[PDB]
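This report refers to the structure that appears directly beneath it.
Throughout, a chain's letter reflects where its sequence line sits, starting with A, and its residues are numbered from 1. Atoms considered below: every heavy atom in the structure, side chains included; atoms not considered: hydrogens, waters and symmetry mates. Each ligand, and each atom within it, is numbered from 1 in the order the structure gives.
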Amino acid sequence: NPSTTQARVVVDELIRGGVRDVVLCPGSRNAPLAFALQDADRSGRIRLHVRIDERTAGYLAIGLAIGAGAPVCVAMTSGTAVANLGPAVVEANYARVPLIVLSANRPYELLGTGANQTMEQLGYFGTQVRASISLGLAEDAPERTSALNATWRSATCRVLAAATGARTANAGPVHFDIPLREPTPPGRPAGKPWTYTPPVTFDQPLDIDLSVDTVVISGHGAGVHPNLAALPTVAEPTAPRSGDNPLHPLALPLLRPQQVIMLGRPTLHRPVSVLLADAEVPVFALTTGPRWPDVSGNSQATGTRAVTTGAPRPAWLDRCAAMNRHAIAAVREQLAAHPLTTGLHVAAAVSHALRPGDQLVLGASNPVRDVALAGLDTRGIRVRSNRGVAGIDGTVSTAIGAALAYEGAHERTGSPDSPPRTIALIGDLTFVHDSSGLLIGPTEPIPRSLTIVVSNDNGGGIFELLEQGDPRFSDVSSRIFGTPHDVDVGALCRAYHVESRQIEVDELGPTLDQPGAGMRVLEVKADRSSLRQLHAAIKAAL
Amino acid sequence: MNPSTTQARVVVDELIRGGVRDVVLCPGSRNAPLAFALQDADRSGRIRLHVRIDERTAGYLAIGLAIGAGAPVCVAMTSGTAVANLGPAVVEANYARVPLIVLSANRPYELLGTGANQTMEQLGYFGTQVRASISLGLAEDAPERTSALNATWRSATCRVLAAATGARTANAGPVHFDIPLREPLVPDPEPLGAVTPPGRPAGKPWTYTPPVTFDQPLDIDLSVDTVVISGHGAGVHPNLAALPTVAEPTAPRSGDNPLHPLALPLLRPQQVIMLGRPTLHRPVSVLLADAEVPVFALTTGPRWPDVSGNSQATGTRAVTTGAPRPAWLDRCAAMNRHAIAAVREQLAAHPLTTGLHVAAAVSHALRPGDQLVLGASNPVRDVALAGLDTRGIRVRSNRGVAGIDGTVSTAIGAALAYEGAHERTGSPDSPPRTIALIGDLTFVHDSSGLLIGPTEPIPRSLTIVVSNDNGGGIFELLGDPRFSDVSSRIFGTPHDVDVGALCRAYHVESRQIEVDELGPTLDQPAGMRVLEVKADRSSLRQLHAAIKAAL
Amino acid sequence: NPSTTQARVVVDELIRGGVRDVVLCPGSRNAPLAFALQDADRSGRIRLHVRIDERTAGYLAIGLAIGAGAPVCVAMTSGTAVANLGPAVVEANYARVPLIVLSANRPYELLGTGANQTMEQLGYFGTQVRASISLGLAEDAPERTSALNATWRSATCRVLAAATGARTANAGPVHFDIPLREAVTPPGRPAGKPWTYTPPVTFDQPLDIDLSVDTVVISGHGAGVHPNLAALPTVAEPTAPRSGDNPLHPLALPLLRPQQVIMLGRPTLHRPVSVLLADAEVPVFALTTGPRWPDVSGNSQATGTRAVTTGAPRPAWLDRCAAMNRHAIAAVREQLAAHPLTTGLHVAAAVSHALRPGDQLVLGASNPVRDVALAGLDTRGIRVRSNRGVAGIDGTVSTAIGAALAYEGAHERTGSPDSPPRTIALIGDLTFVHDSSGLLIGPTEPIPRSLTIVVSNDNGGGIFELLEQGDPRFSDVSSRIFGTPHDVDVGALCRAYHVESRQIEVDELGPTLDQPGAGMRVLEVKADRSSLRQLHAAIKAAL
Ligand SMILES: Cc1ncc(C[n+]2c([C-](O)CCC(=O)O)sc(CCOP(=O)(O)OP(=O)(O)O)c2C)c(N)n1
Ligand SMILES: Cc1ncc(C[n+]2c([C-](O)CCC(=O)O)sc(CCOP(=O)(O)OP(=O)(O)O)c2C)c(N)n1
Ligand SMILES: [Mg+2]
Ligand SMILES: [Mg+2]
Ligand SMILES: [Mg+2]
């Protein structure tokens, strides 16, 4: 059958392209490439992950992709797949995650006369994906086997290149259709991809004078810039650090920088937003890819690297370092003097328990910010967070997939050491949102060293710190923003046969130092009724 | 009053004037103007607010609130993936023709593509699944044209409601209503006591559009041997009431001459009248796939199903000439009695409680006035197999796409709307019962739909029966492709998820009982509860073979 | 050959669905259904129209549909076809024209890796079409011939149903794909009947309206006929069918104080109409068919499909309106007589005077369609066409040509032994230059027998003289960027395409229209726009 030959050629090319994991869901029909994928899974060339929940499957693919940087395929055939995959595909587009969405249209059947069990289509594919490629239906022609093998492998390498950003430096989701009718020609020698894409550079140098009082702000997707390593740097948790001179986010409003270098895409902290929008401050955007971040439109120039003249005034560096120490002190002490555990205490504890080579996975809301408020030093750490569109959905499967991909890479190094830990920190709403991600059949890969820390303040803590958190809304905000739920986390973990423990904040460190089952949830109860006061006390101690 | 608060209050007001009684809300900062406005309407009793955490299952809750009493229902959420999480419920609402209003907050459209946090292409995200995609203009600070802005906001809100209820189209469905909103997003400390721009006098909708009467008479001769097949969304046809009728559980009965689905392949209809959209029964599909028998499609709206290649004509109602042969009605009535007798006998002779036994017991417990919610895979198949008489009861099921998402939330939402509709009657009697029958995989999958926050409305009389055979009604009853497909390997091992632990996790009363206690337990109440009945799946294929042999 | 069987089944069902005309263009590959359509053309079962310009070809299809109300197919395979069809597809959506766009995708070929010279997609199909249906590849299964013939014919009826609004009362464009791999044909129903028959449908939404309140009727594009409203003063657009005989000149409207408005169809003309419809003190009742209702300001009180009336207009009100109508008809005619130069308004008044029952009238956007209304044309017994969906000045020549062909075809189908009725088109000069391509028709292709295109040529855009940018403080700037003079030799253009042409004066227009010429002719009448604004100022002052 030409369709089975074609499917094996594609799967083979996908494996040479660096795909190591494929996610699937049961549906109305067989998945695309199902048998060739099954053969490769059995042979150990790739690893399959199956889930019933199509939404959590999309996010499992994201995690499997950002854990070690590899392209990941997700393949489902059902009438709800496109709708359920939407959230993950949007995150993959905005965070530039190489996600390949496989489909298998049927050209011998009617479309548009009723509900389609294979693909029920929304409007986001047009706007979200880097490419939409459909292989031909496989012709029955042994005469043309060599020419078809070339066409198929060329097209597969185009899918892979579009998703990884190999030539565009703009990785993201790709829609790859392999049609079939209802009801192996080799690749390049020595395992090379059919169409090889050697390394590319996009170079856009900007002239910047460092003698001007400069602060670096690095956000999601920031590059590494050695020539900027000495400047005071307010770094989001997921930004790689270029140097060793951190500036705490809370210190920023008490300095007066005269220019800003912005790396990647900042999304955290109102003081950062305000500074980038200040008309009297030059802002230089250094980022990869086609677009640049600039909500205010205030930025002066954008490129990919800086060509620097001068150096920072010693008085400026020394003044930034003293506000940095005052902010660190203000947090440590007001946390010490607070009589109730909050998410900020939980984040502080997780940050101390971390060691080099760990992978940290951060939920949206307070956790990703609290870790920054606690001054976590991210050097030697891989920090992952779905900052593309900052959803609270799918964070459990993202952590699981990230642990799996990260352990898989460490395994392949052959090293005798135990698999490096993955530690997730997420809020209680975030955990309830994607609890279904906890359900993993015995037939499926399970992380060996994943700890999910759930900081549970029985609602949405971040909203205590916004305008709706003002006391004049006290009666009203509790229901429509606090959103309390009274979930028994321990029961939920028991229901899914997931090792679970409820501990106090000071036991968090010790518990995380002691290894446990491959996958486990550590719940720490927290309070959010006092959170706006705690943050007010930290500000006043600045 | 700042522009965001003013706009939000005008929109919420016009939605209430348009007949919206329930609103599902999920938390966020960008939708804060909507959340404040809705909670004010809740506090003064103009609507009933339901807050949820998970946008996805929250959309099926809204679906339940819409199908329970027949009213348009809004779900409101923040910008970004929160909106994308409504996709699954939008698809169901489209195919099941449910008046679901997705009311999303957005950033100003000019911020698209600037790197703004939690922003995405929202307008048109759903494509052709929605009846309409409507946007409001960003609210300007310009009091001189407050009354002009009031008119455009209420008109837009009236277009949303008309598209969703099908007031002009006769084709209800979901509508995307996107509202770009900018700071300030919370109500100002001052002015105190501002006045929201007024709607029409006497609470009338700003632009009033009455429900269309859509009519398409079609001639049909009843003397030709006729079977009626009615599926999801079918209408009632008194002049067809005497015909033998294979009716899906969700189809309203027009008459009293039932024909069991198993009997149909053993009869020889010479023509078919197809009511609504029948998807459920394999015997039905086989018959409709046969291009030789003439089929007439009677539907309540402009859509008609593609299940038959030989639909001769479409209509909304038949104009009947003649009457059926008494011998033909005799023949069908005899096969009906035979078909159900085979089922009840083989059921009684089977030594193990299967999901079919649970469905038979549930069907036997119901009385007129009950609402019954069925998970759209096997529970709806089994209840029909057991021969449930649906006269005088409301059967709800997500038969649009018959997916697995949101079945629990839909049961909860149907119960709340149905009880509410009966609070308004004024009867002082206890609220009607809502009984849901859900399989264990479906219940586990949407278990988080059980979650109702302490401050949120709880059904007064919903019982969720879980027929737990520890794995699907899947590889029993087959589906040659499925044994080959590697994704089926998750179905080879019983999942063993503890149902009682799940009900504990969402603080819902749950008991585990035997099928014989089911009838008495349901007559007995107590708010919301789950009854888990364990069940065998191993003998299930043996049971169906015995029924097939008995025919 | 399976696709040959499929293609013939589809063409046969399309024919049974009332398709009489199909528009094609040469392209990189063969049009969908090309050989089945040829066979039907040869046999006189359908009529093929070929054009090289894909854009004019779409507007020709629009004309072939609106000329007698039939569904029309357009079939092009080229790398530019979707882009060139866009304008007509948008017009088909907004004017609710039953336009079927045929395509033929190749499922054995790669998509998305490079330029696609079979169909290069834009973003508009997802927002403009009523349906997008793909037949699916034809396979080699002779036993399933009955089942496949049923499936194909069903899908084709579903396509036709979506395009004509047979069940939705919402006609519009549909995308119909028949994919391709690269003499007995299975029969449809007895007696030429469609495979899935759709009996007549009604959408009924009655509204209670009190006629004793001082009421005016404004009817626009797509207005329906309402007997119970025939006596009210009615400001009608040229394309709106008249219900009665109490016209109310649009220039009269600002001089009356109506206390409620019944609005029929979709109004697009006259700023006094827009002002009245937006007046918060005036209840507005929108009566229209289809899913949506017009309401720019949001001021409307209710919408439906018909009126249930109580009461009757006060006789004082009727005479006040009938007299204000007389005042305005007279102010226009007297200041037209008093005006020194020929303007487009003069040309319109002359064309109005020359029309008679049985004629089809095609109006360009811009001043022509307004001027006919200001000239007080009586449209009873006259079929008035204009592309008011989006009011483009593009494609009006091919629209008039297609309208004429379809209207003539309807008359020839009767046995009448008469010269076919006249189609008279009135368009401005920019509009004519925009779609001049539509004049080029090969000897092989159908040509209207009685089409006369009148071109009111004021060497630019007359309508902008009458707008705010036409005020004298912009005299230097506006000439170039709104007037856009071109100095085209209209007679030389028509001679290049072998089209009978005459430059004539306005009094000469009635006589020339009375005796026929070649089947297609262009009558150019030179007009002035320099004095246009003051002419309208004179008519305002006279009121
Ligand atoms: C699917 C979805 N639906 C809604 C939202 C809006 N939202 C957030 C956003 O405000 C967070 C934005 C950011 O930059 O992190 S943060 C949030 C509350 C999360 O509560 P939590 O998980 O208990 O964390 P907590 O520590 O209590 O802040 C909600 C509900 C969302 N982000 N995703
Ligand atoms: C393709 C296209 N491109 C531009 C426009 C804008 N436009 C118009 C519009 O303003 C008229 C709209 C209406 O309601 O009639 S009217 C117009 C001038 C038409 O000049 P004309 O054909 O010589 O007519 P004239 O009698 O001189 O007014 C132009 C350029 C358009 N309508 N279509
Ligand atoms: Mg929380
Ligand atoms: Mg089960
Ligand atoms: Mg002109």
Side-chain angles (χ1 to χ4, degrees), chain A residues 342-344 346-347 363-367 370 392 425-433 454-465 481-485 487 489 523-529 531, chain B residues 27 53 354-356 358-359 375 377-379 382 404 437-445 466-476 491 494-495 497 499 532-537 540, chain C residues 343-345 347 364-368 371 393 426-434 455-466 482-486 488 490 524-530 532:
Chain A
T342 72
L344 189 48
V346 179
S365 212
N366 276 340
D370 289 344
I392 64 170
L425 174 69
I426 63 173
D428 50 296
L429 298 198
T430 298
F431 180 76
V432 162
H433 217 290
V454 180
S455 173
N456 176 7
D457 54 12
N458 195 16
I462 187 168
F463 303 107
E464 314 288 353
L465 313 177
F481 306 107
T483 191
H485 52 82
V487 165
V489 174
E523 178 192 4
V524 185
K525 298 284 192 296
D527 166 86
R528 50 181 177 89
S529 63
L531 204 38
Chain B
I53 305 301
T354 70
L356 191 47
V358 184
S377 85
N378 312 312
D382 293 341
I404 174 181
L437 178 63
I438 299 170
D440 59 285
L441 285 172
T442 302
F443 178 83
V444 172
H445 179 86
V466 177
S467 179
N468 187 352
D469 43 17
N470 200 18
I474 310 195
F475 303 130
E476 299 88 32
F491 297 137
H495 53 90
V497 171
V499 171
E532 173 186 20
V533 184
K534 298 281 180 65
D536 193 277
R537 62 184 258 212
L540 193 41
Chain C
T343 69
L345 191 48
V347 185
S366 211
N367 272 334
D371 294 339
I393 65 164
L426 171 64
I427 68 189
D429 50 293
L430 294 185
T431 306
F432 177 81
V433 171
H434 217 284
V455 179
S456 183
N457 180 1
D458 52 19
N459 194 29
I463 190 148
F464 300 118
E465 300 294 337
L466 313 176
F482 302 102
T484 81
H486 47 74
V488 163
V490 166
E524 177 188 23
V525 174
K526 289 247 58 170
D528 175 73
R529 56 181 179 89
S530 60
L532 203 40

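Atom-to-atom distance recorded for C/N367:CG and C/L345:CG is 8.0 Å, nearest 0.5 angstrom. In this structure, CG on C/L532 lies 7.0 Å from CG on C/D458, to the nearest 0.5 angstrom. Here the straight-line distance linking atom OG of A/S529 with atom CG of A/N458 works out to 11.0 Å at 0.5 Å rounding. Taken from CG in C/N457 to CZ in C/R529, the straight-line distance is 10.0 Å, to the nearest 0.5 Å.
Annotation: side chain to side chain contact (heavy atoms under 4.5 Å, CB included) contacts of B/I404 (sequence neighbours excluded): A/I52, B/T442, B/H445.
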Side chain to side chain contact (heavy atoms under 4.5 Å, CB included) between B/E532 and B/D440, intermediate numbers included: CA-CA 9 Å; B/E532 173 186 20; B/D440 59 285; over 6 Å; no

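Neighbouring protein atoms of the Mg ion (ligand 3) (N, O or S, distance under 2.8 Å, waters ignored): A/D428 OD1, A/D457 OD1, A/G459 O.
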